[PDB]
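*Asks:*
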Amino acid sequence: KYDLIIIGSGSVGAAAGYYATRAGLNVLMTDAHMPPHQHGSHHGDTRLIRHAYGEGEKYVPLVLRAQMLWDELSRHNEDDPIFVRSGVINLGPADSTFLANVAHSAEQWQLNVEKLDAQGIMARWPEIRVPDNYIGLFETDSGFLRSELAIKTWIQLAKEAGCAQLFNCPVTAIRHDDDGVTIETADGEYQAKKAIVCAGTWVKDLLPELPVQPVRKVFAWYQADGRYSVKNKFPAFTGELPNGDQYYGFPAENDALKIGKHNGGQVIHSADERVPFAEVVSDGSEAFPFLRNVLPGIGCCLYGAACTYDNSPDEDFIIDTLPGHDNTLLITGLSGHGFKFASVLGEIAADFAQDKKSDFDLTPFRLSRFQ
Ligand SMILES: *Cc1cc2c(cc1C)nc1c(=O)[nH]c(=O)nc-1n2C[C@H](O)[C@H](O)[C@H](O)COP(=O)(O)OP(=O)(O)OC[C@H]1O[C@@H](n2cnc3c(N)ncnc32)[C@H](O)[C@@H]1O
Ligand code: NA
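In structure tokens form, the structure reads like this:
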């Protein structure tokens, strides 16, 4: 009898719950665990945000709206900023398709991005060391996000707003009537007028036909020092190697620099198959090829993580209503660059719930593409 059932109250679903309840809807929130947990793709301290987007021009207006919502959310917690404006530097070769989309999309949307020289960056940040052939695009208004905190707050805000939340209770199957959507759980049976499916990286074993492939990814913490910090103006980064390998990174927190590879990772299929940090042996030395070249004074790996990419076959998002049911909307294509969008994706779901209006065009996130 609910107005809306959220299947996965994770990073996308947590937003979806808050916005849909604040919209004034009778909402049910579900997860398999206790939302800020270690079983999804929201754990680890931080998640990156970039406006001038190298992945594609199609993302820009959404991440711009996302940023607005992150700013509005950060308001609710004074002692702990959810968004930190450290800035984001984009590193890579001058003739790269990725940096070509950062520069082009900065121009159209009037974004604060500085083209910087190979010698220029080394002169501004002595610690960052690139080939002479390289170029850097510094983003001023960008930075990163406290991913765990973002969930934590979205839940309590929803919980206070009268949202019904069923957390440690996995969903087992989705059923369709003609009015709305039923979900049978190992607990009981609940239904709503509409539904949003955001079970994330394991939605496959709840909706098997989807063309999304979970992949074991890992980020790690290396030993840094005060001059690699936000205090010393050190920015969060994305790098390209002559390899074509992409790396993401964050300004050293308390004497620790967080890095990760983006392009690789070993393919898995079960939640059990996600072996913890040090268990497979690429992990401890995964960020090394970037670190010795680009950040040579960065030292040893200290500890690290265990996350999973929700990969689509073209690496773009899947934001579409289910093939047979306009009744239900799913968000799942988020292939490792989705958290920055969490806030905006919850809003468009809240809009969807009260059959409201987009602004954005979600055409390139069709389910149709494939075939
Ligand atoms: C893997 C990864 C991702 C990542 C990243 C680094 C790594 C190693 N760095 C990022 C970054 O720097 N900047 C950025 O914008 N994104 C980055 N990402 C991607 C990001 O983590 C993900 O896009 C996003 O966090 C995941 O979104 P989503 O909401 O779809 O997935 P989730 O947070 O894990 O939430 C899903 C929830 O659903 C629950 N669940 C799963 N199955 C069920 C069933 N069947 N029943 C009920 N609930 C279910 C999960 O428990 C989870 O809480
Ligand atoms: Na993901």
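Each residue of the sequence shown is one higher than the one before, starting from 15 at the first, in our numbering.
Every residue gets a Cβ at the ideal spot worked out from N, C-alpha and C, and that includes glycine.
1) Can you find the residues in the same chain that come closer than 7 Å, C-beta to C-beta, to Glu254, ignoring five residues on each side of it along the sequence?
2) Compute the beta-carbon to beta-carbon distance between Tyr317 and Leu62, rounded to the nearest angstrom, for a pair I have assumed lies under 8 Å.
3) Consult DSSP for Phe331 and reduce its assignment to one of helix, strand or coil.
4) Quick one: give me the first and last residue of the alpha helix (DSSP H) that residue 463 is part of.
5) If you scan the stretch 270–349 from start to end, which runs of the beta strand (DSSP E) of 3 or more residues do you find wholly inside it?
6) Should the stretch 19–33 be regarded as contacting the stretch 360–380, the criterion being three or more beta carbon pairs within less than 8 Å?
7) Look at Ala46 and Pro222 and say whether their C-beta atoms are less than 7 Å apart.
8) Starting from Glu361, follow the alpha helix (DSSP H) in both directions and report where the run begins and ends.
9) Give the secondary structure of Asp201 by DSSP, where H, G and I count as helix, E and B as strand, and everything else as coil.
10) Count Cβ pairs between the stretch 319–338 and the stretch 376–383 that sit closer than 8 Å; are there 3 or more?
11) Looking only at its chain, what residues have a beta carbon closer than 7 Å to the beta carbon of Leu76, apart from the 5 residues adjacent to it on each side?
12) Output the distance between the C-alpha atoms of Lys371 and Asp365, rounded to the nearest integer angstrom.
13) Got a sec, what are the start and stop residues for the alpha helix (DSSP H) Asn115 sits in?
14) How would you label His351, buried or exposed, when you count the other beta carbons within 10 angstroms and need 16 or more for buried?
15) Do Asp324 and ligand 2 come close, with the Cβ less than 6 Å from some heavy atom?
16) I'd like to know whether the C-beta atoms of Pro310 and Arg189 end up nearer to each other than 7 Å.
17) Using only CA atoms, which one of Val127, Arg160, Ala206, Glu162 lies nearest to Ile149?
18) With 16 other CB atoms within 10 Å as the buried threshold, where does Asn325 fall?
19) Beta carbon of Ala46: closer than 6 Å to some heavy atom of ligand 1?
20) Following a CB-centred definition, is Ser55 positioned closer than 6 Å to any heavy atom of ligand 2?
21) In its own chain, which residues sit with a C-beta less than 7 Å from the C-beta of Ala200, not counting the 5 before and 5 after it?
22) Nearest by alpha-carbon distance to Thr322: which of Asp340, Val295, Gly278, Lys129 is it?
23) Whose C-beta lies closer than 7 Å to the C-beta of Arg79 among residues of the same chain, with five residues either side of it excluded?
24) Cα separation between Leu125 and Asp131?
25) Relative to the C-alpha of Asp340, which residue among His65, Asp369, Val226 is closest?
26) Under the assumption that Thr44 contacts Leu180 (Cβ atoms under 8 Å), give the Cβ distance between them as a whole number of angstroms.
27) Out of curiosity, what's the CA-to-CA distance linking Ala120 and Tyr16?
28) Which residues in the same chain as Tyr67 place their Cβ atom closer than 8 Å to its Cβ, once the five residues preceding and following it in sequence are excluded?
29) I'd like to check one pair, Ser161 with residue 6: are the Cβ atoms closer than 7 Å?
30) Does the Cβ of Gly311 lie closer than 6 Å to at least one heavy atom of ligand 2?
31) By the three-class DSSP mapping on this structure, what secondary structure does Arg241 have?
32) What is the residue span of the alpha helix (DSSP H) that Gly27 lies within?
33) Nearer than 6 Å: is that true of the beta carbon of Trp84 relative to any heavy atom of ligand 1?
34) Which word fits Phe384, buried or exposed, when buried means at least 16 other C-beta atoms lie within 10 angstroms of its C-beta?
*Replies:* A quick look at the data gives this:
1) Your numbering for residue 254 matches position 240 in the sequence shown. These residues qualify, in order along the chain: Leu105, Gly106, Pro107, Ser110, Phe112, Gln260.
2) For the purposes of this step, residue 317 is taken as the residue at position 303 of the sequence shown. For the purposes of this step, residue 62 is taken as the residue at position 48 of the sequence shown. The pair is not a contact, with the Cβ atoms about 19 Å apart (cut-off 8 Å).
3) Residue 331 sits at position 317 when you count from the first residue of the sequence shown. It is coil, neither helix nor strand.
4) Only positions 15 to 385 of the chain appear in this structure, which leaves residue 463 out of reach.
5) 271–275, 315–318, 322–325, 333–336, 339–345
6) yes
7) The sequence position of residue 46 within the sequence shown is 32, counting from 1. The sequence position of residue 222 within the sequence shown is 208, counting from 1. No, they are not a contact pair.
8) Residue 361 sits at position 347 when you count from the first residue of the sequence shown. Its alpha helix (DSSP H) spans residues 356–367.
9) Residue numbering aside, residue 201 sits at position 187 when the sequence shown is read from its first letter. Of the three classes helix, strand and coil, the one that applies to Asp201 here is coil, per DSSP.
10) yes
11) By 1-based counting over the sequence shown, the position of residue 76 is 62. Cβ neighbours of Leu76 beyond the five flanking positions: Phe355, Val358, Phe374.
12) Position 357 of the sequence shown, counted from the first residue, corresponds to residue 371. Position 351 of the sequence shown, counted from the first residue, corresponds to residue 365. Spanning the two alpha carbons is a distance of roughly 6 Å.
13) By one-based count along the sequence shown, residue 115 stands at place 101. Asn115 -> alpha helix (DSSP H) spans 111–122.
14) For the purposes of this step, residue 351 is taken as residue 337 along the sequence shown, with counting starting at 1. The residue is buried, with at least 16 neighbouring Cβ atoms inside 10 Å.
15) The count along the sequence shown starts at 1 and reaches residue 324 at position 310. Checking every heavy atom of ligand 2 against the Cβ of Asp324, one is found closer than 6 Å.
16) Translated into positions along the sequence shown, residue 310 becomes position 296. Translated into positions along the sequence shown, residue 189 becomes position 175. No.
17) The residue given as residue 149 occupies position 135 in the sequence shown. Here the closest residue by C-alpha is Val127.
18) What you label residue 325 is simply residue 311 of the sequence shown in a count that begins at 1. Result: buried.
19) In the sequence shown, residue 46 corresponds to position 32, counting from 1. Correct: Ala46 has its Cβ closer than 6 Å to ligand 1.
20) Start at 1 with the first residue of the sequence shown, and residue 55 comes out as number 41. Correct: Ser55 has its Cβ closer than 6 Å to ligand 2.
21) By one-based count along the sequence shown, residue 200 stands at place 186. Closer than 7 Å at the Cβ level, and outside the excluded window around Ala200, lie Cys183, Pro184, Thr186.
22) Within the sequence shown, residue 322 is the residue found at index 308, counting from 1. Ranking the options by Cα distance to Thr322, first place goes to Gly278.
23) Numbered from its first residue, the sequence shown carries residue 79 at position 65. Around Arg79: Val358.
24) Counting from one through the sequence shown, the residue named residue 125 turns up at place 111. Counting from one through the sequence shown, the residue named residue 131 turns up at place 117. Computed Cα separation, rounded: 19 Å.
25) Stepping through the sequence shown from its first residue, residue 340 is reached at position 326. Selected option, being the one with the closest Cα: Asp369.
26) In the sequence shown, the residue the question calls residue 44 occupies position 30. In the sequence shown, the residue the question calls residue 180 occupies position 166. Rounded, the Cβ-Cβ distance is 5 Å, consistent with contact.
27) As a first step, residue 120 is located in the sequence shown; it is residue number 106 there, counting from the start. As a first step, residue 16 is located in the sequence shown; it is residue number 2 there, counting from the start. When rounded, the distance between both Cα atoms is 42 Å.
28) Position 53 of the sequence shown, counted from the first residue, corresponds to residue 67. Result list for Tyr67: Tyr73, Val74, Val77, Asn115, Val116, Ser119, in chain order.
29) With the chain running from 15 to 385 in the structure shown, residue 6 is simply not present.
30) Here residue 311 is taken as the residue at index 297 of the sequence shown, counted from 1. Not so, every heavy atom of ligand 2 lies at least 6 Å from the Cβ.
31) If you number the sequence shown from 1, residue 241 lands on position 227. Correct three-state label for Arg241: helix.
32) Here residue 27 corresponds to residue number 13 of the sequence shown, with the count starting at 1. 25–36 is the extent of the alpha helix (DSSP H) around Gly27.
33) Here residue 84 refers to the residue found at position 70 when the sequence shown is read from its first residue. No.
34) In the sequence shown, counting from the first residue as 1, residue 384 sits at position 370. Burial call: exposed.
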